[PDB]
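What follows is one structure encoded as structure tokens, with my remarks underneath.
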Amino acid sequence: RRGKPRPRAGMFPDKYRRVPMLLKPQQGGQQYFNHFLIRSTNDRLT
Amino acid sequence: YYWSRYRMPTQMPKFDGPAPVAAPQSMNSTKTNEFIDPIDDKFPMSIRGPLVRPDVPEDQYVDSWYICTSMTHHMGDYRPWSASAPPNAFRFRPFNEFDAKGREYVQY
Amino acid sequence: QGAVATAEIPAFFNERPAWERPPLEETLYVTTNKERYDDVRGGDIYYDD
Amino acid sequence: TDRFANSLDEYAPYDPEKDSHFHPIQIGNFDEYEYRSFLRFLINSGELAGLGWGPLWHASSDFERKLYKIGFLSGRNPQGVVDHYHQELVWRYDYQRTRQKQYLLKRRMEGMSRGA
Amino acid sequence: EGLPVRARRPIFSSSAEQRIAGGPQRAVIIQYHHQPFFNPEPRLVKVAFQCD
Amino acid sequence: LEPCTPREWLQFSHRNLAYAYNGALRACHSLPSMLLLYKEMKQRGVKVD
Amino acid sequence: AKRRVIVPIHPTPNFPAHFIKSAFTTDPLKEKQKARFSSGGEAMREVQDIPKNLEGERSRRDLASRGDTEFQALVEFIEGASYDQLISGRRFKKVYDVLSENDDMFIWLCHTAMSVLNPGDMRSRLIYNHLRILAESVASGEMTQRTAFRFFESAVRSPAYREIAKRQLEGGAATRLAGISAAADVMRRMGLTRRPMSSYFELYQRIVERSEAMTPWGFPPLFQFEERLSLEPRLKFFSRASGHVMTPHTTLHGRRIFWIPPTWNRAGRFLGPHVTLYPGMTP
Amino acid sequence: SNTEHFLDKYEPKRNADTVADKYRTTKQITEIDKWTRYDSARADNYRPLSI
Amino acid sequence: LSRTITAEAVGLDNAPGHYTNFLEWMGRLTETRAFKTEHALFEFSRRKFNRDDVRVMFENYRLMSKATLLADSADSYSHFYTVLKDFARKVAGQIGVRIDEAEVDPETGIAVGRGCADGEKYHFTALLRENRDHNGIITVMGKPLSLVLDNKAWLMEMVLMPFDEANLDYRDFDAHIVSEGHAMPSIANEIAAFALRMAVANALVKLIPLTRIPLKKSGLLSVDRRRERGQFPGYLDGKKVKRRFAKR
Amino acid sequence: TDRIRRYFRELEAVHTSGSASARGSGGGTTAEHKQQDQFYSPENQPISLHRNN
Amino acid sequence: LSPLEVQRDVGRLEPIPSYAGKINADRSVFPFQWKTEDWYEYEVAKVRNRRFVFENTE
């Protein structure tokens with residue numbers, strides 16, 4: 001800050017500390033799971 | 001006198017004896033808080049909870065003047081959440097049908 | 001114990017029950033509440049004469 | 001940033017019926033048939049002309065998904081359809097090619113574990 | 001529901017702003033909604049008049 | 001556990017209690033010890049699976 | 001040098017003597033030092049650890065109706081889950097201290113079982129009585145663990161002991177079963193624990209954990225037992241215990257149990273522990 | 001049980017039920033609430049004539 | 001039981017110290033009730049539990065009468081077992097997501113969710129109903145979603161998302177969203193969009209209860225707490241920038 | 001040692017997914033497990049949990 | 001089936017909600033859509049009139 005060196009990055013509280021774990025990253029595409037499961041089972045039988 | 005009011009009604013407890021268990025006492029370089037309880041903050045949160053004060057509806061709490069802390073406006077007494085709502089209220093509620101917003105827009 | 005709050009209220013709420021105290025004090029005893037003239041190191045600065 | 005700079009200042013309402021002697025015909029948005037044929041044209045014929053994803057085709061999702069999503073965005077309005085076809089480039093939240101990739105991969109590696 | 005009640009029979013006229021009230025008649029409560037959001041002010045009671 | 005505080009009301013549901021009771025059901029090796037648990041989960045309203 | 005002149009204050013109806021000498025000092029090189037701590041009845045009874053004396057009828061009545069303290073401590077910890085209280089690290093400390101009251105006694109016994117090659121046959125009434133007596137003397141503080149251990153190994157067993165040991169052992173290490181069954185037996189027949197199993201369990205457990213340690217059954221002579229310098233409580237041998245830039249100025253700012261809560265003179269911008277500044281939305 | 005359910009037949013016998021719960025849970029009414037110093041000090045819910 | 005039975009069918013032994021018999025007996029008591037109680041108390045001493053185990057222990061305690069205590073203080077152990085039972089069962093030995101019922105107005109078939117961002121700036125409330133005619137539309141403050149978020153696709157897809165994660169068709173649903181926060185001429189920007197998404201999603205869960213499981217996993221229902229820093233005179237721009245510093 | 005660990009972790013992994021033939025409406029996994037765990041998550045099949053991909 | 005008639009619990013069979021395919025669709029009822037001018041006039045008017053009340057009524 002004043003006439004002193006800026007701290008190293010890890011010396012600060014987490015930038016995303018207030019954003020819940022589910023959000024980083026978003027897991028989206030839940031719609032496709034079932035589809036790809038049935039798909040893989042049918043495949044197996046083939 | 002006008003100061004006759006401000007006499008001590010009872011005898012104050014003497015300070016007879018040593019520091020209480022696990023008091024802050026300070027050696028060479030020691031960062032010391034008289035304020036923070038030594039034993040109960042050092043306790044892990046997963047066990048005790050994030051709670052500072054008993055978990056109860058906040059209408060029973062008032063933010064104190066001049067002290068940073070809260071107090072009960074009925075001193076020391078507590079009513080559990082179950083006594084705020086009607087008997088057997090789902091997610092204690094005025095009524096079980098909807099939440100706040102739901103009640104309001106249904107009403108609308 | 002110590003005092004949380006203080007209020008001026010008439011003495012007939014709590015006063016030593018009639019059978020504990022000496023008989024009629026108004027008639028048989030002349031009592032003045034007064035202050036000690038000396039310095040008192042401890043105790044009450046008002047005594048009953 | 002403005003879409004409208006070349007638009008007229010009018011702000012005044014107009015009815016074909018009272019304001020002209022011609023017979024009014026009413027045009028709507030595309031319905032799903034029109035809409036489908038159209039979007040198919042823009043995308044696929046676009047690519048064939050080399051105006052679209054090309055070698056990057058695995059980045060954007062498949063036709064169906066696009067059709068459905070552009071459907072929602074535009075509301076089937078033709079100007080809107082054109083425009084969101086373009087804006088499709090920047091879609092952040094589409095997960096499909098991701099999970100499809102993931103699946104294809106896992107199946108390949110099960111094939112390599114059945115081979116070995 | 002099921003409670004015997006004497007309700008002032010509402011009388012319907014177009015000619016009347018607001019509403020018209022009439023003499024009490026015997027009726028049973030069909031349903032009564034307590035929750036302020038099912039039964040806004042002024043409160044209502046669905047009732048079955050015994051007469052007709 | 002019956003919820004006490006709102007925070008607990010958020011961990012609670014009948015449909016999930018189903019899972020719990022199913023676990024406690026697969027545990028028991030004899031039918032008669034099961035019929036008790038089932039009687040309970042039937043009585044206290046619980047979504048059944 | 002313009003030395004500050006402080007006028008002494010005399011006791012007052014609201015300003016008693018001890019208050020004065022504790023809260024006021026006339027020597028102004030002693031201002032602004034730090035805070036001092038004291039105790040009254042219960043915190044003093046804890047700290048000072050004055051063992052009560054047996055006395056006339058009330059003390060014996062209180063010995064009689066005493067009941068189980070180990071269960072009481074636990075109840076009082078658990079009760080912090082009641083809606084109107086918190087969960088206390090002090091209640092847990094008291095719990096802990098009652099669970100471990102004996103503790104080191106067990107520790108001692110471990111050493112007699114595992115730390116001694118060839119302690120004779122430990123089933124025979126003789127060596128058994130040695131062990132019994134020494135144990136009862138480690139408990140009740142009559143002897144130091146060091147002294148009791150050095151007693152135990154130097155206790156009298158049988159004439160020409162080594163030469164009889166050459167008729168059983170090669171390198172002089174007997175089998176440890178008799179020793180453990182003995183050392184559990186003593187603690188059971190001595191009244192050492194309120195609940196019977198605890199003796200056996202603790203003695204067994206403490207051995208099983210040490211089994212995995214490098215050179216498990218040997219110990220440095222100085223750290224093995226009570227001596228002037230000791231090991232830190234994690235490393236003791238059979239023991240039960242085996243922003244970031246702004247944080248020093250933050251301090252108070254977490255969820256913090258307090259002792260004395262801060263006041264407006266001593267803390268400028270702090271709002272109290274309960275305060276949630278960046279609240280989330282919850283149903 | 002009011003109506004006998006058809007699954008009553010297979011309900012286990014009371015042998016080795018020494019744990020029997022209906023009797024473990026049952027409390028004397030004296031045990032349910034304590035009279036505290038708060039209760040001695042309790043205000044009146046009606047408005048008093050003269051205190 | 002089999003083990004016990006043979007152990008006592010064999011009896012005493014010719015081993016010198018009755019060695020295999022102390023083996024036997026010492027082993028046997030490892031599976032005893034009291035031993036397990038002890039193991040629990042030991043793990044307890046080491047702080048291996050959490051709050052919930054405590055409240056579980058608590059309500060296990062509350063269930064006893066004074067008489068139950070008096071009967072189980074006899075063994076000097078078993079009451080520790082009554083209390084610690086489930087903690088013990090835990091040491092020596094999981095609800096996924098909350099599945100509710102539906103909150104819906106019986107008459108209007110409308111459900112009501114609420115999203116938010118910056119705790120202040122954006123509060124929205126989604127009214128959601130199901131359209132049997134398959135023409136759905138979404139509307140914000142009485143205006144078509146297209147115009148409100150202003151044709152920027154990357155904003156509107158956010159509002160589309162919960163219909164995807166629930167594996168549903170958007171055309172079967174009508175939504176109108178209400179602004180309860182700071183109103184502004186334009187709410188089109190990503191933060192407000194985020195809020196909108198959260199709103200619609202919470203509505204959808206109220207309407208289709210099981211749909212709550214995928215949504216939650218995809219982190220729609222999750223609320224982030226973030227705010228602009230409060231205004232403040234100390235900083236130049238009023239927020240983050242400290243004033244100029246000069247060496248004396 | 002770690003080699004062994006990994007070999008036998010991936011092996012029974014391939015017998016969780018490779019045992020799926022009649023698993024589609026088969027007994028091998030609970031109905032409630034069909035309910036909760038059949039969704040993409042950090043332990044199941046995350047997209048990437050890490051920055052700089 | 002409309003999305004409200006679909007059985008989404010693998011484990012349970014649930015009574016179809018009585019509003020399922022019943023409530024019909026008209027822009028007039030819902031979703032709410034409106035002209036702006038009327039919205040302005042509504043709002044302003046609703047602020048102006050807070051104090052116009054007859055408390056005492058027959």
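By convention here, the chains of the structure tokens are called A, B, ... in the order presented, each chain's residues are numbered starting at 1, and ligands are numbered starting at 1 in the order presented.
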
Produce a table with one row for each residue of chain I that has an atom at most 10 Å from any atom of chain K, each row naming the nearest atom pair and its distance in Å at one decimal; use only C-alpha atoms; arrange rows by chain and rising residue number; format as a tab-separated table.
residue	atom	partner	partner_atom	distance
I:102	CA	K:17	CA	9.3
I:104	CA	K:19	CA	9.4
I:105	CA	K:19	CA	9.1
I:106	CA	K:19	CA	6.6
I:107	CA	K:19	CA	7.1
I:108	CA	K:23	CA	7.3
I:109	CA	K:19	CA	6.0
I:110	CA	K:19	CA	9.8
I:127	CA	K:31	CA	8.3
I:128	CA	K:31	CA	8.5
I:129	CA	K:31	CA	8.2
I:130	CA	K:3	CA	8.1
I:131	CA	K:25	CA	5.9
I:132	CA	K:21	CA	5.9
I:133	CA	K:25	CA	6.6
I:134	CA	K:25	CA	9.2
I:135	CA	K:25	CA	8.6
I:136	CA	K:31	CA	9.0
I:137	CA	K:31	CA	7.7
I:138	CA	K:31	CA	7.5
I:139	CA	K:31	CA	7.0
I:140	CA	K:33	CA	8.4
I:141	CA	K:33	CA	7.7
I:142	CA	K:33	CA	4.0
I:143	CA	K:33	CA	6.0
I:144	CA	K:33	CA	7.7
I:168	CA	K:3	CA	7.6
I:169	CA	K:3	CA	8.4
I:172	CA	K:3	CA	7.6
I:173	CA	K:3	CA	9.3
I:174	CA	K:31	CA	6.0
I:175	CA	K:31	CA	6.2
I:176	CA	K:31	CA	5.6
I:177	CA	K:32	CA	8.9
I:178	CA	K:32	CA	9.9
I:207	CA	K:4	CA	8.4
I:208	CA	K:4	CA	7.2
I:209	CA	K:8	CA	8.8
I:210	CA	K:8	CA	6.5
I:211	CA	K:8	CA	8.1

Residue neighbourhood residue 120 (chain I), 9 Å, only C-alpha atoms, exclusion window fewer than 6 positions, as a list in words =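 Contacts, in chain order: residues 181, 182 and 227 of chain I.
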
For chain C against chain B, which residues fall within 10 Å using only C-alpha atoms, given as number ranges by chain?
-> C: 1-3, 6-8, 42-46

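Residues of chain D having any atom within 8 Å of chain J, counting only C-alpha atoms, are residues 98, 99 and 110 of chain D.
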
Which residues, written as a PyMOL selection string, have at least one atom at most 8 Å from region 165-175 of chain G, with only C-alpha atoms counted and residues fewer than 5 positions away on the same chain left out?
-> chain G and resi 117-120

Can you pull out every residue within 9 Å of region 24-36 of chain H, counting only C-alpha atoms, but drop anything in the same chain fewer than 5 positions away, and send it as JSON, numbers by chain?
-> {"H": [19, 41], "I": [63, 64, 65, 66, 67, 68]}

Output C-alpha atoms for every residue in the selection just made, as a compact mmCIF listing (two decimals), in the first residue's frame.
# COMPACT_ATOMS: atom_id res chain seq x y z
CA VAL H 19 -36.48 -53.14 27.08
CA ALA H 41 -41.25 -13.29 39.31
CA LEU I 63 -36.37 -39.80 26.27
CA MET I 64 -35.50 -41.34 29.63
CA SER I 65 -37.66 -41.06 32.76
CA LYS I 66 -36.06 -40.65 36.18
CA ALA I 67 -37.02 -44.30 36.63
CA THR I 68 -35.28 -45.39 33.43

Just want the 9 Å neighbourhood of residue 49 (chain E), counted on only C-alpha atoms, with same-chain residues fewer than 3 positions away dropped. Output as a PDB file with N, CA and C atoms, in the first residue's frame.
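Heads up, here's the output in result13.pdb:
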ATOM      1  N   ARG E   6     -77.436 -18.396  11.352  1.00  0.00           N
ATOM      2  CA  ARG E   6     -78.487 -17.580  10.764  1.00  0.00           C
ATOM      3  C   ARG E   6     -77.862 -16.445   9.993  1.00  0.00           C
ATOM      4  N   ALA E   7     -77.982 -16.499   8.674  1.00  0.00           N
ATOM      5  CA  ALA E   7     -77.314 -15.526   7.821  1.00  0.00           C
ATOM      6  C   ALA E   7     -78.312 -14.580   7.189  1.00  0.00           C
ATOM      7  N   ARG E   9     -79.865 -12.996   4.351  1.00  0.00           N
ATOM      8  CA  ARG E   9     -79.963 -13.450   2.967  1.00  0.00           C
ATOM      9  C   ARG E   9     -79.618 -12.331   1.990  1.00  0.00           C
ATOM     10  N   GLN E  25     -82.003 -15.863   7.840  1.00  0.00           N
ATOM     11  CA  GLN E  25     -82.566 -17.185   7.602  1.00  0.00           C
ATOM     12  C   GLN E  25     -81.596 -18.280   8.015  1.00  0.00           C
ATOM     13  N   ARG E  26     -82.140 -19.447   8.348  1.00  0.00           N
ATOM     14  CA  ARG E  26     -81.328 -20.552   8.836  1.00  0.00           C
ATOM     15  C   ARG E  26     -80.554 -21.190   7.692  1.00  0.00           C
ATOM     16  N   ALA E  27     -79.272 -21.461   7.930  1.00  0.00           N
ATOM     17  CA  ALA E  27     -78.358 -21.982   6.913  1.00  0.00           C
ATOM     18  C   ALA E  27     -77.184 -22.722   7.541  1.00  0.00           C
ATOM     19  N   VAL E  28     -76.585 -23.640   6.795  1.00  0.00           N
ATOM     20  CA  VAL E  28     -75.429 -24.363   7.314  1.00  0.00           C
ATOM     21  C   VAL E  28     -74.158 -23.863   6.653  1.00  0.00           C
ATOM     22  N   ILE E  29     -73.039 -23.862   7.372  1.00  0.00           N
ATOM     23  CA  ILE E  29     -71.782 -23.475   6.741  1.00  0.00           C
ATOM     24  C   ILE E  29     -71.259 -24.606   5.864  1.00  0.00           C
ATOM     25  N   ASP E  52     -84.488 -22.990   0.426  1.00  0.00           N
ATOM     26  CA  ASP E  52     -84.523 -23.487  -0.943  1.00  0.00           C
ATOM     27  C   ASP E  52     -83.340 -24.400  -1.245  1.00  0.00           C
TER      28      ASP E  52
END

Taking only C-alpha atoms into account, which residues of chain I are within 9 Å of chain D, as an mmCIF file with C-alpha atoms, in the first residue's frame?
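The result, written out as iface.cif:
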data_model
loop_
_atom_site.group_PDB
_atom_site.id
_atom_site.type_symbol
_atom_site.label_atom_id
_atom_site.label_comp_id
_atom_site.auth_asym_id
_atom_site.auth_seq_id
_atom_site.Cartn_x
_atom_site.Cartn_y
_atom_site.Cartn_z
ATOM 1 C CA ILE I 137 -44.536 -16.865 -23.072
ATOM 2 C CA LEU I 145 -38.986 -11.088 -22.149
ATOM 3 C CA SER I 146 -37.505 -10.396 -25.578
ATOM 4 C CA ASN I 151 -32.671 -9.318 -27.367
ATOM 5 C CA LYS I 152 -29.294 -10.097 -25.865
ATOM 6 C CA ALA I 153 -29.321 -13.869 -26.176
ATOM 7 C CA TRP I 154 -26.774 -14.632 -23.489
ATOM 8 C CA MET I 156 -32.242 -14.788 -21.949
ATOM 9 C CA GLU I 157 -30.747 -18.254 -22.146
ATOM 10 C CA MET I 158 -30.160 -17.909 -18.411
ATOM 11 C CA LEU I 160 -34.401 -20.550 -20.238
ATOM 12 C CA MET I 161 -32.069 -22.812 -18.230
ATOM 13 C CA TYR I 170 -40.676 -24.088 -22.006
ATOM 14 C CA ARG I 171 -43.753 -23.712 -24.201
#

Would you kindly report the residues of chain J within 10 Å of chain A, using only C-alpha atoms, as a PDB file with N, CA, C and O atoms, in the first residue's frame?
ATOM      1  N   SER J  17     -19.729 -49.852 -13.970  1.00  0.00           N
ATOM      2  CA  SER J  17     -20.316 -49.525 -15.265  1.00  0.00           C
ATOM      3  C   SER J  17     -20.416 -50.757 -16.191  1.00  0.00           C
ATOM      4  O   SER J  17     -21.347 -50.871 -16.973  1.00  0.00           O
ATOM      5  N   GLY J  18     -19.449 -51.671 -16.129  1.00  0.00           N
ATOM      6  CA  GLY J  18     -19.465 -52.830 -17.015  1.00  0.00           C
ATOM      7  C   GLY J  18     -20.439 -53.939 -16.646  1.00  0.00           C
ATOM      8  O   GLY J  18     -20.596 -54.912 -17.391  1.00  0.00           O
ATOM      9  N   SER J  19     -21.068 -53.815 -15.476  1.00  0.00           N
ATOM     10  CA  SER J  19     -22.065 -54.792 -15.024  1.00  0.00           C
ATOM     11  C   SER J  19     -23.442 -54.286 -15.460  1.00  0.00           C
ATOM     12  O   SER J  19     -24.458 -54.809 -15.013  1.00  0.00           O
ATOM     13  N   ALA J  20     -23.478 -53.228 -16.276  1.00  0.00           N
ATOM     14  CA  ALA J  20     -24.767 -52.697 -16.715  1.00  0.00           C
ATOM     15  C   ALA J  20     -25.182 -53.330 -18.034  1.00  0.00           C
ATOM     16  O   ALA J  20     -24.723 -52.943 -19.106  1.00  0.00           O
ATOM     17  N   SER J  21     -26.109 -54.277 -17.921  1.00  0.00           N
ATOM     18  CA  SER J  21     -26.712 -54.976 -19.051  1.00  0.00           C
ATOM     19  C   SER J  21     -28.213 -55.000 -18.810  1.00  0.00           C
ATOM     20  O   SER J  21     -28.978 -54.335 -19.505  1.00  0.00           O
ATOM     21  N   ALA J  22     -28.620 -55.743 -17.788  1.00  0.00           N
ATOM     22  CA  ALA J  22     -30.004 -55.729 -17.344  1.00  0.00           C
ATOM     23  C   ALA J  22     -30.199 -54.682 -16.249  1.00  0.00           C
ATOM     24  O   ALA J  22     -31.289 -54.577 -15.676  1.00  0.00           O
ATOM     25  N   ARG J  23     -29.136 -53.925 -15.955  1.00  0.00           N
ATOM     26  CA  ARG J  23     -29.169 -52.868 -14.928  1.00  0.00           C
ATOM     27  C   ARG J  23     -30.235 -51.804 -15.233  1.00  0.00           C
ATOM     28  O   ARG J  23     -30.843 -51.249 -14.310  1.00  0.00           O
ATOM     29  N   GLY J  24     -30.460 -51.522 -16.518  1.00  0.00           N
ATOM     30  CA  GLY J  24     -31.610 -50.727 -16.912  1.00  0.00           C
ATOM     31  C   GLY J  24     -32.823 -51.507 -16.439  1.00  0.00           C
ATOM     32  O   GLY J  24     -33.060 -52.637 -16.886  1.00  0.00           O
ATOM     33  N   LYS J  34     -31.850 -44.283  -8.067  1.00  0.00           N
ATOM     34  CA  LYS J  34     -32.231 -43.782  -9.383  1.00  0.00           C
ATOM     35  C   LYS J  34     -32.667 -42.342  -9.221  1.00  0.00           C
ATOM     36  O   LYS J  34     -32.505 -41.525 -10.121  1.00  0.00           O
ATOM     37  N   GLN J  38     -28.431 -40.161  -9.963  1.00  0.00           N
ATOM     38  CA  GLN J  38     -28.328 -40.296 -11.406  1.00  0.00           C
ATOM     39  C   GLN J  38     -28.140 -38.944 -12.063  1.00  0.00           C
ATOM     40  O   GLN J  38     -28.505 -38.770 -13.207  1.00  0.00           O
ATOM     41  N   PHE J  39     -27.712 -37.960 -11.274  1.00  0.00           N
ATOM     42  CA  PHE J  39     -27.358 -36.619 -11.759  1.00  0.00           C
ATOM     43  C   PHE J  39     -25.876 -36.252 -11.646  1.00  0.00           C
ATOM     44  O   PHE J  39     -25.198 -36.563 -10.661  1.00  0.00           O
ATOM     45  N   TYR J  40     -25.402 -35.609 -12.710  1.00  0.00           N
ATOM     46  CA  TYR J  40     -24.031 -35.160 -12.857  1.00  0.00           C
ATOM     47  C   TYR J  40     -23.609 -34.306 -11.696  1.00  0.00           C
ATOM     48  O   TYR J  40     -24.270 -33.324 -11.390  1.00  0.00           O
ATOM     49  N   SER J  41     -22.525 -34.686 -11.033  1.00  0.00           N
ATOM     50  CA  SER J  41     -22.040 -33.918  -9.895  1.00  0.00           C
ATOM     51  C   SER J  41     -20.528 -34.064  -9.699  1.00  0.00           C
ATOM     52  O   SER J  41     -19.896 -34.874 -10.390  1.00  0.00           O
ATOM     53  N   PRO J  42     -19.949 -33.297  -8.746  1.00  0.00           N
ATOM     54  CA  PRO J  42     -18.501 -33.374  -8.529  1.00  0.00           C
ATOM     55  C   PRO J  42     -17.947 -34.779  -8.335  1.00  0.00           C
ATOM     56  O   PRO J  42     -16.864 -35.055  -8.844  1.00  0.00           O
ATOM     57  N   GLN J  45     -19.722 -37.226 -12.513  1.00  0.00           N
ATOM     58  CA  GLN J  45     -19.045 -36.954 -13.777  1.00  0.00           C
ATOM     59  C   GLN J  45     -18.929 -35.467 -14.055  1.00  0.00           C
ATOM     60  O   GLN J  45     -19.538 -34.965 -15.002  1.00  0.00           O
ATOM     61  N   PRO J  46     -18.122 -34.759 -13.256  1.00  0.00           N
ATOM     62  CA  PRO J  46     -18.041 -33.292 -13.311  1.00  0.00           C
ATOM     63  C   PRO J  46     -17.596 -32.837 -14.677  1.00  0.00           C
ATOM     64  O   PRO J  46     -17.069 -33.670 -15.410  1.00  0.00           O
ATOM     65  N   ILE J  47     -17.801 -31.573 -15.032  1.00  0.00           N
ATOM     66  CA  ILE J  47     -17.326 -31.110 -16.339  1.00  0.00           C
ATOM     67  C   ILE J  47     -15.798 -30.895 -16.324  1.00  0.00           C
ATOM     68  O   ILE J  47     -15.058 -31.537 -17.081  1.00  0.00           O
ATOM     69  N   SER J  48     -15.348 -29.949 -15.511  1.00  0.00           N
ATOM     70  CA  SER J  48     -14.000 -29.939 -14.957  1.00  0.00           C
ATOM     71  C   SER J  48     -14.098 -29.176 -13.669  1.00  0.00           C
ATOM     72  O   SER J  48     -14.848 -28.213 -13.598  1.00  0.00           O
ATOM     73  N   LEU J  49     -13.356 -29.558 -12.645  1.00  0.00           N
ATOM     74  CA  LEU J  49     -13.468 -28.814 -11.402  1.00  0.00           C
ATOM     75  C   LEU J  49     -12.413 -27.727 -11.347  1.00  0.00           C
ATOM     76  O   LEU J  49     -12.263 -27.046 -10.333  1.00  0.00           O
ATOM     77  N   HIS J  50     -11.683 -27.558 -12.445  1.00  0.00           N
ATOM     78  CA  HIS J  50     -10.519 -26.688 -12.409  1.00  0.00           C
ATOM     79  C   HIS J  50     -10.391 -25.682 -13.529  1.00  0.00           C
ATOM     80  O   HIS J  50     -10.725 -25.940 -14.682  1.00  0.00           O
ATOM     81  N   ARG J  51      -9.852 -24.537 -13.136  1.00  0.00           N
ATOM     82  CA  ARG J  51      -9.551 -23.408 -13.994  1.00  0.00           C
ATOM     83  C   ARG J  51      -8.444 -23.770 -15.004  1.00  0.00           C
ATOM     84  O   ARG J  51      -7.746 -24.770 -14.827  1.00  0.00           O
TER      85      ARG J  51
END
